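Chemist:
Printed below as a string of structure tokens:
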């Protein structure tokens, strides 16, 4: 897809909001 979204993915992949880290843009 990209990298931008990909980090959302990666974010989400590691738990997203449940992980702790802020959403990537």
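In PDB author numbering, the protein residues as written are 1 to 25.
Ideal placement from N, C-alpha and C gives every residue a C-beta, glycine not left out.
What's the C-alpha gap between residue 16 and residue 8?
Modeler: Taking the straight line joining both Cα atoms gives about 8 Å.
Chemist: Let me know the secondary structure DSSP gives residue 16 once reduced to three states.
Modeler: Residue state, collapsed to three classes: helix.
Chemist: Alpha carbon to alpha carbon, how far is residue 11 from residue 20? Give it in angstroms, no decimals.
Modeler: Computed Cα separation, rounded: 9 Å.
Chemist: So, helix, strand or coil for residue 21, using DSSP?
Modeler: In the structure shown, residue 21 sits in coil (DSSP, three-state: anything other than H, G, I, E or B).
Chemist: Using only the alpha-carbon positions, how far apart do residue 6 and residue 13 sit?
Modeler: Taking the straight line from one Cα to the other gives about 10 Å.
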